[PDB]
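Protein chains in written order, with the UniProt record's numbering: chain A, 1179 to 1354; chain B, 256 to 305; chain C, 4 to 219; chain D, 246 to 294; chain E, 1420 to 1454. Here is the structure we will look at.
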Amino acid sequence: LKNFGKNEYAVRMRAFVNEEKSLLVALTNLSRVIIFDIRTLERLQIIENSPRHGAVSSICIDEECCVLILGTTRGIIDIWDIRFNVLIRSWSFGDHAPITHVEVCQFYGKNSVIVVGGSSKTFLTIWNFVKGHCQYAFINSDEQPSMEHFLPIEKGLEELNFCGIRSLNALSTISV
Amino acid sequence: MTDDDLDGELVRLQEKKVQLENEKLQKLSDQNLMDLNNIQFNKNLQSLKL
Amino acid sequence: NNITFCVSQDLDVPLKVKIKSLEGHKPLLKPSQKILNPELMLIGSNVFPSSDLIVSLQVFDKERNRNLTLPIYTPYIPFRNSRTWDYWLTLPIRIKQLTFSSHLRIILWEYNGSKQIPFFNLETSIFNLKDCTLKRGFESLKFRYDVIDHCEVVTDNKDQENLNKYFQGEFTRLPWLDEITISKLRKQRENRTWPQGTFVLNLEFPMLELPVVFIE
Amino acid sequence: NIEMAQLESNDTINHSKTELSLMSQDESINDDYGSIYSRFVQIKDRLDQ
Amino acid sequence: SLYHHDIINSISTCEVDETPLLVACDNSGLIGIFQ
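So, in structure tokens, the structure goes:
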């Protein structure tokens, strides 16, 4: 990976093999999406997330694997279509903090994605991509959250200043 | 004839304004890196607390 | 529509081309008319006519420099609207009849002044070196007075849009997001360049299937 | 001219916002406290060990 | 509270072909399994 020329270290790596063809995808040190073909061990294409999103908060692959699901250190959610080689949509919600992880759930199907991050109190935020809403939000608290705060954030822009949490309850691991 | 020099100056201004974009990117890169490093330091601090 | 490889005699009927867009040079009225300027006393001196760009299409034969295809010309709307047509046109030579040796050509005839209407010239190739006729697909071109041609960069992106028409592996949600890619192709309008003595035009001729060609 | 003034104002806004939002100086406190805690841990844990 | 372990940096779900179970690796460089 030092052959990139900028000497970038691999952040996160996810590989997949379709009966059609097999390949791998990884995030650079500058959080840049690069999909290398497993067959030829060469780079098929290089995708780059907008600098306004900060860095890559997670890595996930679509069911058809024609699309990449990546979170943002700016506390945004970005799904991109590798087919047309562009960014499909950019989403945000809650307290607008950093996204712990992002993945595509099984029972939720490809039409819904599970993302840990966003609002503080909320442990895991599951939102349906097409629906543009969060169907199920698991939160640790003694009371029900605000409906206006839980509503999907769209009109917001890159001007938002990053606010995270240094608490010990932040970093965690999840497998589904 | 006086319009021409103004046009040229406008072009030079366009290039000069075109440099600040790349400058801004190179800038913001440090902000993103600072964010990531901050996250890592937070996790590490939590581990130290444990 | 379906893509498939189908040879010359195997392929049946005559070619047709839809033509749409261009690139404003901005040196004149947006129709490329009269070469506008504050010096226009000279424009009265040079008798500069205001020309409304129209188009004409005929094919240079085989690069054998013979003449085969038909010249054809359409109606006139604003070329200051940049004359975006997507207008189809055709001539009477089949693909079975079409010699794999052949080349397209076009002459943009504007409408300028007394006994005056402009003329610009361009030429290109019909089929692929892979024998597929323009890959039976969308394209974009560039041309100067002589010895100029087309490339693919953003036109290569547009060619990937033609790969959406060329039936790369596809799905239904991908189609809805291909409506979102109608929004994306709408976003593709952001293009900018300011060359001179040469011009660009966006011309899509996507067909169902990839041609192939041979002799009879 | 308004565009040039907008250029200067844009550079000014960018630099001012960048300097005000994160000066990276705030992390030095948590770094010092973390280092001290690291010393206390490296001492007490080994001692108890 | 008998169990003593640091924060979990990694976790994986698995099946033993007999009974299911989970494995975990913490930030202290320790691993454990629960069935």
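Where a beta carbon is used, it is the ideal one built from N, C-alpha and C, also for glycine.
Quiz item: Taking the beta strand (DSSP E) that D/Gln287 falls in, what are its first and last residues?
Solution: For D/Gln287, there is no enclosing beta strand (DSSP E); the enclosing alpha helix (DSSP H) covers residues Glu272 to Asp293.
Quiz item: Which residues mark the beginning and the end of the alpha helix (DSSP H) in which D/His260 is found?
Solution: Start and end: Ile247 to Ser266.
Quiz item: C/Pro178 lies in the alpha helix (DSSP H); which residues open and close that run?
Solution: C/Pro178 -> alpha helix (DSSP H) spans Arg176 to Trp179.
Quiz item: Per the contact definition of three or more C-beta pairs closer than 8 Å, is the stretch 83-92 of chain C in contact with the stretch 20-27 of chain C?
Solution: Yes: at least three Cβ pairs fall under 8 Å.
Quiz item: So is A/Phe1262 in contact with chain C if we call contact Cβ pairs under 8 Å?
Solution: Yes, A/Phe1262 lies at the interface with chain C (some Cβ there is under 8 Å from its Cβ).
Practice problem: Indicate whether at least one CB of chain C lies closer than 8 Å to the CB of A/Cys1312. | Solution: Not one chain C Cβ lies under 8 Å of A/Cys1312.
Self-check item: Which listed residue (B/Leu280, B/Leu300 and B/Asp262) has its alpha carbon closest to that of D/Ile281
Solution: Residue B/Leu300 is the option with its Cα nearest to D/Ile281.
Quiz item: Can you tell which of A/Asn1185, A/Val1234, A/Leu1246 and A/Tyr1187 has its C-alpha closest to the C-alpha of A/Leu1202?
Solution: Nearest C-alpha to A/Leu1202: A/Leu1246.
Practice problem: Can you check the stretch 58-122 of chain C for any beta strand (DSSP E) of at least 3 residues that lies completely inside it and give the ranges in chain order? | Solution: Taking only runs of at least 3 residues, the beta strand (DSSP E) segments lying wholly in the stretch 58-122 of chain C are 59-61, 90-97 and 106-111.
Quiz item: Residues of chain C with CB under 7 Å from A/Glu1281, in chain order?
Solution: The premise fails here: A/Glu1281 is roughly 18 Å from chain C at the closest Cβ pair, so nothing lies under 7 Å.
Quiz item: Are the C-beta atoms of C/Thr184 and some chain A residue less than 8 Å apart?
Solution: Interface with chain A (8 Å Cβ-Cβ cutoff): C/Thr184 is included.
Practice problem: Could you tell me which residues DSSP puts in a beta bridge with C/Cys9? | Solution: In the DSSP output, where bridge partners are listed per residue, C/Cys9 has C/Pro214.
Exercise. Say whether the stretch 26-42 of chain C touches the stretch 5-17 of chain C, bearing in mind that this needs 3 or more beta-carbon pairs closer than 8 Å, one atom from each stretch.
Key: Contact between the stretch 26-42 of chain C and the stretch 5-17 of chain C is not established, with fewer than three Cβ pairs separated by less than 8 Å.
Quiz item: With DSSP run on the structure shown, which of helix, strand or coil describes C/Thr158?
Solution: If DSSP states are grouped into helix, strand and coil, C/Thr158 belongs with the helices.
Exercise. Please compile the residues from chain B whose C-beta is within a distance smaller than 9 Å of the C-beta of D/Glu253.
Key: Simply none; closest approach about 11 Å.
Self-check item: Alpha-carbon to alpha-carbon, C/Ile120 and A/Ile1266
Solution: The alpha-carbon atoms of A/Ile1266 and C/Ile120 are separated by roughly 46 Å.
Practice problem: In the DSSP assignment, find the alpha helix (DSSP H) that holds B/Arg267 and state where it starts and stops. | Solution: Judged by DSSP secondary structure, B/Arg267 falls within the alpha helix (DSSP H) whose first and last residues are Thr257 to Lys304.
Quiz item: What is the C-beta distance between C/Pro52 and C/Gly116, in whole angstroms, given that I count them as a contact (C-beta under 8 Å)?
Solution: With 8 Å as the limit, C/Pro52 and C/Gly116 qualify as a contact, their Cβ atoms being about 2 Å apart.
Quiz item: Thinking C-alpha only, which one of A/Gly1295, A/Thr1250 and A/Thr1218 is nearest A/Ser1268?
Solution: Ranking the options by Cα distance to A/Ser1268, first place goes to A/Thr1250.
Quiz item: Helix, strand or coil: how does DSSP classify A/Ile1225 here?
Solution: Note: A/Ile1225 maps to strand in three-state DSSP.
Quiz prompt | Local conformation of A/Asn1181 per DSSP, three classes | solution = Reduced to three states, the DSSP call for A/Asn1181 is helix.
Self-check item: Nonlocal neighbours in the same chain, by C-beta distance under 6 Å from C/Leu107, ignoring five residues either side
Solution: Hits under 6 Å: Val62, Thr127 and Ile129.
Self-check item: Collapsed DSSP secondary structure at C/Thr184 in the structure displayed
Solution: Three-state result, C/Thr184: helix.
Practice problem: Please list, in chain order, all residues of the same chain as C/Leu92 whose beta carbon is under 8 Å from its beta carbon, the five residues on each side excluded. | Solution: Here C/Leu92 has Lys19, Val20, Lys21, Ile22, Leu60, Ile75 and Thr77 as same chain residues with Cβ atoms under 8 Å from its own Cβ, once five neighbours each way along the sequence are excluded.
Quiz item: For D/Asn246 and chain B, any beta-carbon pair shorter than 8 Å?
Solution: Not one chain B Cβ lies under 8 Å of D/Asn246.
Quiz item: According to DSSP, which residues form a beta bridge with C/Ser143?
Solution: Under DSSP, C/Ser143 takes part in a beta bridge, and its partners are C/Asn205.
Quiz item: Helix or strand or just coil, what does DSSP make of C/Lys33?
Solution: In the displayed model, C/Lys33 falls within coil according to three-state DSSP, outside both helix and strand.
Exercise. Can you pull the chain A residues whose beta carbon is under 7 Å from the beta carbon of C/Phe174, in chain order?
Key: What C/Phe174 touches in chain A: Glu1242.
Quiz prompt | Between the CA atoms of D/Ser266 and D/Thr257 - distance to the nearest angstrom | solution = Their Cα atoms are separated by approximately 14 Å.
Quiz item: Would a C-beta distance cut-off of 8 Å place A/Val1280 and A/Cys1238 closer than the cut-off?
Solution: Taking C-beta atoms as the reference points, A/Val1280 and A/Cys1238 count as a pair closer than 8 Å.
Quiz item: Is the shortest distance between the beta-carbon of E/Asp1425 and the beta-carbons of chain B less than 8 Å?
Solution: Under the 8 Å criterion on CB atoms, E/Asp1425 is classed as interfacial with respect to chain B.
Quiz item: Taking Cβ positions only, does E/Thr1432 come closer than 8 Å to chain A?
Solution: Yes, E/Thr1432 counts as interfacial toward chain A.
Exercise. Report back the beta-carbon spacing between C/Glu142 and C/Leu213 to the nearest angstrom; my notes put them in contact at under 8 Å.
Key: The beta-carbon separation of C/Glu142 and C/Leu213, rounded to 14 Å, does not stay under the 8 Å limit for a contact.
Self-check item: Classification of B/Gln286 by the beta-carbon crowding that lies within 10 angstroms, buried from 16 upward
Solution: Per the 10 Å Cβ criterion, buried.
Quiz item: Between A/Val1189 and B/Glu264, what straight-line distance do the alpha-carbon atoms span, to the nearest angstrom?
Solution: Roughly 45 Å separates the two Cα atoms.
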